[PDB]
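Enquirer: enclosed are the sequence and the experimentally obtained structure.
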Amino acid sequence: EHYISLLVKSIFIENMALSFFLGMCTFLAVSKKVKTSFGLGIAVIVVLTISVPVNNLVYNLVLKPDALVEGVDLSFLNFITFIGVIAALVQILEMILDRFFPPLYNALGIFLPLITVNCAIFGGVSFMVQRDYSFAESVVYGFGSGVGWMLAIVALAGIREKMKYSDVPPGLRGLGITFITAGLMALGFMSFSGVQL
Amino acid sequence: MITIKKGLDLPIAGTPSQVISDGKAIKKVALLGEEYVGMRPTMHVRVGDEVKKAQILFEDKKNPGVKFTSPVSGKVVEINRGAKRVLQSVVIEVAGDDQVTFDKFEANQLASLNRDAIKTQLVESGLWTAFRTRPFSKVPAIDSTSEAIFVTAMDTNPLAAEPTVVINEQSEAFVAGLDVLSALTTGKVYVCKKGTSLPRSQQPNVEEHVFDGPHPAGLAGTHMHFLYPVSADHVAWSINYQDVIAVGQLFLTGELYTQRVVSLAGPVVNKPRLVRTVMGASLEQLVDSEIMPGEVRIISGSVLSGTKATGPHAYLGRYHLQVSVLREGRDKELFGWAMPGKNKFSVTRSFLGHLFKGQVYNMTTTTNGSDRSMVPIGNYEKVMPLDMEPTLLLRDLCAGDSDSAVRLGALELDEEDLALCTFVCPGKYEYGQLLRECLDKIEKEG
Amino acid sequence: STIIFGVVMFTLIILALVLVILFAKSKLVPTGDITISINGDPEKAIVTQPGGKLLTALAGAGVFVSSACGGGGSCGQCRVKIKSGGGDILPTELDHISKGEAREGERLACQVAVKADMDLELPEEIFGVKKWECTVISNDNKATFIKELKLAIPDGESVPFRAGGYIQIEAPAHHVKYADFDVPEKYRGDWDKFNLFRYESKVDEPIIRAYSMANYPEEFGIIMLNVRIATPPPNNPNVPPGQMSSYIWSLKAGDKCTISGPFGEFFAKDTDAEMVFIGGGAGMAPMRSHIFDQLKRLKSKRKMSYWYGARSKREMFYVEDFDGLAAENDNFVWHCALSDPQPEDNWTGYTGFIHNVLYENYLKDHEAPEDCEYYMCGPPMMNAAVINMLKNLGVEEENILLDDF
Amino acid sequence: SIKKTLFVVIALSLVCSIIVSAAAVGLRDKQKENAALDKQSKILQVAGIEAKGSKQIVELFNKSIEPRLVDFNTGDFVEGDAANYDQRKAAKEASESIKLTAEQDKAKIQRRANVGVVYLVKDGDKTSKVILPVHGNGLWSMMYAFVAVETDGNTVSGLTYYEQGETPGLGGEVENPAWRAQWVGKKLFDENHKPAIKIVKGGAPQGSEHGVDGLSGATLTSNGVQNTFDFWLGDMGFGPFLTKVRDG
Amino acid sequence: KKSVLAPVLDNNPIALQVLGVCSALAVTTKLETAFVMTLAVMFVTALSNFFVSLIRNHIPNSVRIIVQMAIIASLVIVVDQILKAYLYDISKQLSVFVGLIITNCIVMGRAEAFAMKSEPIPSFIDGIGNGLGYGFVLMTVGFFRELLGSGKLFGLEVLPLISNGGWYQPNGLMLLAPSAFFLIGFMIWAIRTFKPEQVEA
Amino acid sequence: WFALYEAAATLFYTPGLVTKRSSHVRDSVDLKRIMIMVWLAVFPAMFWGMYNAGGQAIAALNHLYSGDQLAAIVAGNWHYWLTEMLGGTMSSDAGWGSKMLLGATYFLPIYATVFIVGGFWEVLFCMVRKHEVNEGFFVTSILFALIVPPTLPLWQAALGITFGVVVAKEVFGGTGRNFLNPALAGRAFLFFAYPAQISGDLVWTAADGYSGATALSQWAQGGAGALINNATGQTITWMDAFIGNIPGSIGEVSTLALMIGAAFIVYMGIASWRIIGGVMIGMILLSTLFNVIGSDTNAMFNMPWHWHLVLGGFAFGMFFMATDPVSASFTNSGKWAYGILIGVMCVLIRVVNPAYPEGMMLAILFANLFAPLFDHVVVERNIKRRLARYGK
Ligand SMILES: Cc1cc2nc3c(=O)[nH]c(=O)nc-3n(C[C@H](O)[C@H](O)[C@H](O)COP(=O)(O)OP(=O)(O)OC[C@H]3O[C@@H](n4cnc5c(N)ncnc54)[C@H](O)[C@@H]3O)c2cc1C
Ligand SMILES: CCCCCCCCCCCCO[C@@H]1O[C@H](CO)[C@@H](O[C@H]2O[C@H](CO)[C@@H](O)[C@H](O)[C@H]2O)[C@H](O)[C@H]1O
Ligand SMILES: Cc1cc2nc3c(=O)[nH]c(=O)nc-3n(C[C@H](O)[C@H](O)[C@H](O)CO)c2cc1C
Ligand code: FES
Ligand code: FES
Ligand SMILES: [K+]
Ligand code: NA
């Protein structure tokens, strides 16, 4: 249905990492091993899949113009609520994992401190506000965008591992070459540019 | 029983004759220090000393209790060292017949001998150096034990001797050696041979496995992967059939057996054949008046994985049962990389040579190119029958990634296992040394 | 109007977020004081609230872990055996811990963060520390930049230590001017060449450093030690002067300082192989104890060799002791090479750096340099030169022990 | 000390929120004026009235432009807050919008608002030309433009694309003044009162009544522009309204 | 001065550190947006550091992260109101990244690493320097992307375009995502070949 | 200047180097031969492409201009009257020789500038970094020069190759050390940097003032029935596209020439038949799927697999661009997945991406990013077997 189109839109057609430059710091930082990048990707999906729908409810119930009281709009308290809600949920998820899910805490709870108020989460939430997404639409977009982000970080991590045999000139070693690698990744991901799916 | 499909049987011209004949009289023998992995010699003799057939020549500091005995009785005429005072060789000039003796047992009682009695006798005589732990190709520690001893009764190396011919003359010794190995091993003994019949051991521990296919089928590393996979905590021992014969002779007569049969072969060998010689026999004297004129390279062991026989190293190796002599291909040709390869051999089908099936090539030592970055065109996957990803593993070795190389199976590999991967590399790498450097790093940090 | 609505919503939102966090903290973060078993002894067991680093928790109890870089995980002197707990080894720890050590359980106490119950197998030296406030007896200058410090035990008996050990001396914040230092007239002239007295040191905060002992175990009552003064590099004057070595130099007879027990992993091998000691600067301290240990404490008959790299005759000290030991016992022989003899020295022996003199005199014609224990000690420049020479001679790293200062 | 933690956050939240609320409520009118001015300038530009500076733009816009609300179904003026109407918001709500069928949705727009906004340009006390907001999907993103139609209801006085996401050089040429200046003089309809504007690929004939040169190497965007006009000039667009203009 | 200029070339937030790269790849298409973004980042980082340092001692560790987020978020909102009220067109060009300055890693990194354990005055100077260095990366990339991507600087035609009867054909890649990565990637190379101390082993 | 001189000396004469250790005998195959076999494998496509480009141009010129008008055009362009001075004729009666000659005047400058500019960056990096010049650039130059429109400006080619050689290859260490396809990286730079000169209807034929759509673009507009060549007004049949008598980039039009060239290297083992097999499976499966689903509005849905094969640069990309060993996956299982992704991605861009008429390049560039992952997935499965001792 329309949902499947949205999920593909959030992964391939609209990629948070490369097509919006969101979460690049954590995308160019833990992009050294596939496993650790895999761990961040799944953690970002969890945060996005729980941040976007929760933020959608609050916006449509509180911050939506002419929602609580006629003639008054609380849209100006948008960033505070989104950044505040995101930070609360990520911390809450981390603590419950460290208390009830030991193995998940090491697998996922380790990276949540990194995802705390991350550009990928806020951007995905903000773009939801810029559009008109229902609760069902918001959750799919949240899961979809996170999966699309996980796709870019894992793909970059795989390339960086393949680059173990490369001879990067000094100065380009480390960060410098990673930028060029990310740019080349963006060039390939532009294949889905003009697709209205 | 097990058939190997991937592999490269080098059709190098000048194969042996599979006939055992007396070699040139050898008046010089040596022990090669570099031949043993992780061996720091503690010299027990000095130049001018008089040794016997089994007197200790030096010990291993990093493997205490391992004694390297003199192959023959004579005078230590030189101790060749090199950069970092690395013990290149210890040369003995054969003069005399005095020899140490050890306990001797009837063939019937060999299987029932105590494990410790077997270990001490092997260590005392120096035959313990025949064994090699696969994970690192080091002589096993005295106190250590393994649940799988692999006896390599097949020789698929190019220009290699036929083990059946050699073993048939020493049938009793081989069976005796197997019985001793059966008692020594904690688990089973794998006799990896070909389809041809060989003497068999009645002990239930000894098992015969038949391997068929191109060259890689004949290596102990290949056998271990298919039969007893090795890892950090799964260690197996390797021993060639000739050494097993020596073990049987040692426990039958109580005297160290040093006679060996090696295939003196190669393009420049006038009459390639199997020749009876002694351990560490001076290849310079062995190939005397048996090579065509010109600049040639004498190699101990297969051309795929052998040692250059020049200067201090011009002596048969401990684990080498073959001598290959090759021409030196230093000539430069105009557009030699563009001509159609009527007389060129390659695993790929980009030369006319592969069209003429059954051809034999007068190979030389030329690299057939310069050193270049690895460009994987599928050559490696065509010569590695093990369940590994060779191209990715070779990239890890080139990059020096010890951690990843171990995960991909670098521990299960020996320098010889990568000889074909070195042979077919378009970039002209030497993966044997890269694997050795990687394995050393694992041991040191481990 | 809308201003009121925004303010109340803002306050409600922040309160909602913190309250769920605080409520989650109580019901998800068990504050049960983590109990760490030290050596398995119930009395040694320490109970501490969750948080902090294992180094702080251990220091609170009677167990003291030697630490130099502090809570950075940079030196590796605080290695501990964590039988259980603490999670996987951090990547930063592995830079100073080999994989084999990780398998055994070696971990840096400072680097590891305490978050759960753990089991520890700390050694005796960490388990128990002989913290004493010894009294300074003598502080005469042995050489141009070397001072011999004699310490009086405050509790009687003697410090339990092995040959080649060291003591972690602790000092508080203090200001010391180099003019306060007292030097002999012989070494005063060399100081007057540049007049190093102008330097002034101001230690703003307490510091902790290590100093190798110079007394053999059989010596009881006085703890001989050698201290090198820390000064700014000659090519880098813009550096504060020595902070700890300057402070110890300022002291004289009657002063007091803490030793915080002994420590060190420097020792010889209980074997029959030859020993070849080579020292430089402060390195003569551990060497002196080792020679004395092998002559009377053990009365070893193993061949002993000592080579000291010196710049001038004035630098040399303890020479009379070396001559007596060499004369009294032939198994031990000592030599010294001068990199730059003074015109009045009139040296007629070896001249130049030991890195080339030693090979050209002893190692070149020796039958087994590899089969001989080497105890190197001296400035880093000599260590790099000799190690290259020794490596070019074919000596394994396990066969050579180095104690840089 | 929970009491201290509650005090610091409460005091910090109040002062920060008070400043934020004052700025949000205080500056809200300014932001709306800034947003309004952006469209007001473009309407003036297509109308041909030269304005520079916010004071001049607002003054000229009030004196020369009379926004009105038009019902597409009947093409008749309706009473409302034309100056403060948001057509985009209406098209997203079913209350003031309809869902076009596949056959009718020639311009590829999902919804069409029931009532649209038009801007009459009065030189004196009488309208001289009318500006219609026409939008349609291009190759990359929706393209929005203002079309100036003379009192006759057939001639197009000018054109301007005030919002369009297209590749510069290929699809972004719609912003090019020469291509926009080419539309002047063209007749929207024919004698049959049917859409006649055609975007000729490769260049329309010189002097053509309804021929405008298409964007070079950008047929996809040129096709989108043609569809936008072919629809908004049809029955479901400004067709009925334009017919009323022809007779008054 | 040394502290102010330290994060320009010695400790750059984007060359050495990996903070603040989200905006560098987006708002660098034009110099007008990049320059305005630089001022917002400089103003927010400096103001956020000053307030966090002022209340650093009383900050609760339990809610220190939410406390710093609120002050940073509040400052961003006020700047957002200024951008919308004045420079509305620029606010449209910056789109959502104006609100993302809250998550911009420079603001949190300096508000935590330095502001929490420094006096208010030096923390304010540190914030300005960190933004100033982040601006150096922004403007250098923006200068190249706008000049070679459109033949304009700050909206002024520097290279005449063939579309406007000129001579220079704009490079369509400079306006796309990949161009920002390559320019920054080559920027680091240029920075680190003059300052090898930052080369990674 | 040692690096370049050594390459020239080693180029004329094989090195006299001998094995130093390990395998004392080495396989005859070397990188120098591998590149030359690939370089010679595209010769049939290059030679036909020159004939096709000139043949198409001549037909368009005659179809548009005649009499004194044609003569004025010929004298107005250096490509035309240069062909005349060398014995060619621009009239419709021109033989194969003149058609080939005209294409040569359009190809050789593109190949020459690409080689010179690309070579300078190769030698500059090797000289400065004290390496030995690699021969992998010989293949890179020709392939880039065969995936560009005949009318591409020379300066654009210099910029395209510079990006393809420097950013995509040299900064990664050089031949065998990068992950992306250098030639396609250069074309993708031209694709997005200067789309007007590498897209549309004014670039694929060398006839001045001629506007003619290609087979792929025409199919999207009106499906199979929309395939017509305006130069000769003759319907474009499958045989015409398969042979290569259609407008398009020089070297990609003829699928038959590429099949002959690709067959040789695939037989020699230089080019992986698994990648080629993977691409065909991906293209066939997805194209057949779109056929079944149908689309009353999108004509591309009904294009059969065999029409996808002979149209656009699918054949050239599948054979001489997707088989790049360095950028492809290094595992046999991964190569199948890598090839299938290329085939699927190329069909997706062709059908469901109106912006880009063809997507073989973007399909390969997209696949190059995920080639390591297909390796990582395969490797991890192998590692899992190893920890289980392969069930032994
Ligand atoms: C096991 C062990 C045993 C040791 N045994 C001895 C021993 O017997 N004798 C001995 O003298 N040392 C010994 N040391 C070294 C000891 O830790 C000190 O290096 C030494 O005592 C000088 O103390 P310091 O803190 O003043 O040196 P540092 O100040 O740490 O030395 C740094 C150098 O720069 C100068 N400097 C001073 N302050 C600063 C500053 N803030 N920044 C930069 N440079 C500065 C110093 O003058 C010196 O030249 C030993 C170390 C270890 C680990
Ligand atoms: C656009 C089409 C192409 C993109 C779609 C295909 C993507 C395929 C790659 C998926 C991501 C890689 O997925 C990879 O799966 C392997 C299994 O082989 C996991 O393998 C690993 O799993 C666990 C962790 O989860 C480890 O403890 C374990 O040692 C190892 O088996 C890797 O941790 C994961 O990184
Ligand atoms: C079968 C084969 C195909 C190749 N294809 C290409 C190609 O499409 N583009 C290119 O630049 N180099 C190509 N090369 C050369 C080289 O392998 C390539 O540039 C690598 O990416 C260099 O690391 C090819 C080489 C071979 C053997
Ligand atoms: S104190 Fe230095 S490593 Fe712990
Ligand atoms: S600024 Fe760092 S994640 Fe966006
Ligand atoms: K398409
Ligand atoms: Na074709």
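Expert: That came in fine, so what should we check first? Residues are numbered from 1 along each chain as shown, chains lettered A, B, ... in the order given. Ligands and ions are numbered 1, 2, ... in the order given.
Enquirer: anything in the longest helix belonging to chain D near chain A?
Expert: Scanning chain D for the helix with the most residues, using DSSP state H, yields helix D:2-47. Yes. Using C-beta under 8 Å from any C-beta of the partner chain, helix D:2-47 comes into contact with chain A via D:20-21, D:24-25, D:28. To be clear about C-beta, it is placed using only N, CA and C from the backbone, and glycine gets the same treatment.
Enquirer: which stretches of chain E form strands?
Expert: Ranges of strands in chain E, per DSSP state E, are E:152-153, E:156-157.
Enquirer: which one of the ones you listed lies nearest to ligand 7?
Expert: For the strands of chain E, the distance to ligand 7 is smallest for strand E:152-153, at 41.8 Å, taking C-beta to the ion.
Enquirer: so what's the residue count around residue F:195?
Expert: Using other C-beta atoms under 10 Å in any protein chain shown, residue F:195 is surrounded by 21 other residues.
Enquirer: cool, residue C:388 as well?
Expert: A count of neighbours around residue C:388, defined by other C-beta under 10 Å, yields 11.
Enquirer: please apply the same query to residue C:198.
Expert: Residue C:198 has 10 neighbours, counted by other C-beta under 10 Å.
Enquirer: phi, psi for it please.
Expert: The phi/psi pair for residue C:198 (degrees, to the nearest 10) reads phi -60, psi -20.
Enquirer: surely it meets residue C:181?
Expert: No. Here residue C:198 does not reach residue C:181: they are 11.7 Å apart, not a contact under C-beta atoms under 8 Å.
Enquirer: re earlier: pull out the buried residues from the residues of helix D:2-47 next to chain A.
Expert: The neighbour-count criterion (16 or more other C-beta atoms under 10 Å in any protein chain shown) marks D:20-21, D:24-25, D:28 among these as buried.
Enquirer: now, which of these sits nearest ligand 1?
Expert: Closest to ligand 1 out of these is residue D:20 (46.2 Å), distances taken as C-beta to the nearest ligand atom.
Enquirer: is it true that the closest one touches residue E:78?
Expert: Yes. Assessed by C-beta under 8 Å, residue D:20 is found in contact with residue E:78 at 6.3 Å.
Enquirer: neighbours of the closest residue to residue C:317 other than its chain neighbours, just the number please.
Expert: Nearest non-adjacent residue to residue C:317, counting by C-beta to C-beta, 6 or more residues apart in numbering or on different chains: residue C:142, 4.0 Å away. Using other C-beta under 10 Å, residue C:142 is surrounded by 19 other residues.
Enquirer: report the contact partners of residue C:142.
Expert: Applying C-beta atoms under 8 Å, 6 or more residues apart in numbering or on different chains, we find residue C:142 in contact with C:148, C:226, C:317-318.
Enquirer: can I get the residues you listed in a markdown table including secondary structure?
Expert: Listed next are the contacts of residue C:142 as a markdown table, based on DSSP: H, G, I helix; E, B strand; the rest coil:
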| residue | secondary structure |
| --- | --- |
| C:148 | strand |
| C:226 | strand |
| C:317 | coil |
| C:318 | coil |
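Enquirer: by neighbours, which of those wins?
Expert: Neighbour max across these (other C-beta under 10 Å) = residue C:226, 24 neighbours.
Enquirer: how near is the closest residue to it other than its chain neighbours to ligand 3?
Expert: Nearest-residue entry for residue C:226: residue C:285, 3.9 Å, with adjacent residues in sequence omitted and distances by C-beta to C-beta, 6+ apart. Separation of residue C:285 from ligand 3 (C-beta to the nearest ligand atom, to the nearest Å) stands at 59 Å.
Enquirer: thought residue C:285 was touching residue C:225?
Expert: Yes. Shown here, residue C:285 and residue C:225 form a contact pair, counting by C-beta under 8 Å, at 6.2 Å.
Enquirer: coming back round to it: run the chain-centre distance for the longest helix of chain D.
Expert: Chain-centre distance of helix D:2-47: 27 Å, with C-alpha atoms, centre = their mean, to the nearest Å.
Enquirer: where does residue B:210 land in three-state SS?
Expert: Reduced to three states by three-state DSSP, residue B:210 is strand.
Enquirer: same question for residue D:173.
Expert: Assigned with three-state DSSP, residue D:173 falls in the helix class.
Enquirer: residue A:32 is in contact with residue A:160, correct?
Expert: Yes. Applying C-beta under 8 Å, one finds residue A:160 in contact with residue A:32, separated by 5.8 Å.
Enquirer: neighbour-wise, which of those two wins?
Expert: residue A:160 (21 against 14).
Enquirer: and the helix or strand hosting that one, anywhere near chain D?
Expert: For residue A:160, the element it lies in under DSSP states H and E is helix A:135-162. No. Taking C-beta under 8 Å from any C-beta as the criterion, helix A:135-162 and chain D are apart, separated by no less than 13.6 Å.
Enquirer: what's that helix packed up against?
Expert: Counting contacts by 3 or more C-beta pairs under 8 Å, 6 or more residues apart in numbering or on different chains; DSSP states H and E, helix A:135-162 is packed against helix A:2-8, helix A:16-20, helix A:24-27, helix A:34-58, helix A:119-130, helix A:175-189, helix F:360-387.
Enquirer: from the contact counts, what lies against the shortest one?
Expert: If I follow you right, that is helix A:24-27. Packing partners of helix A:24-27 (3+ C-beta pairs under 8 Å, 6+ apart): helix A:119-130, helix A:135-162, helix E:21-24.
Enquirer: ligand 1 is nearest to which of these?
Expert: The nearest among the helices and strands packed on helix A:24-27, by C-beta to the nearest ligand atom, is helix E:21-24 at 34.6 Å.
Enquirer: by proximity to ligand 6, which residue of the stretch 1-150 of chain C wins?
Expert: When scored by C-beta to the ion, the stretch 1-150 of chain C has residue C:91 as its residue closest to ligand 6, at 46.9 Å.
Enquirer: how many neighbours does that residue have?
Expert: If you count neighbours by other C-beta under 10 Å, residue C:91 ends up with 7.
Enquirer: with adjacent residues omitted, what lies nearest to residue C:186?
Expert: In this structure, residue C:186 finds its nearest non-sequential neighbour in residue C:314, 6.5 Å apart by C-beta to C-beta, 6+ apart.
Enquirer: you'd agree that neighbour is in a helix?
Expert: Yes. Assessed by three-state DSSP, residue C:314 belongs to a helix.
Enquirer: sorry, back to before: angles on the backbone of the residue nearest to residue C:317, please.
Expert: Phi and psi for residue C:142, reported as degrees, to the nearest 10, are phi -80, psi -30.
Enquirer: return the distance of the residue of the stretch 1-150 of chain B found nearest ligand 5 relative to chain E.
Expert: Taking C-beta to the nearest ligand atom as the measure, the stretch 1-150 of chain B has residue B:135 as its residue closest to ligand 5, at 44.6 Å. Distance of residue B:135 to chain E, given as C-beta to the nearest C-beta, to the nearest Å: 31 Å.
Enquirer: need the contact list for that residue.
Expert: If you count contacts by C-beta under 8 Å, 6+ apart, residue B:135 has them with B:230-232, B:235, B:411-412.
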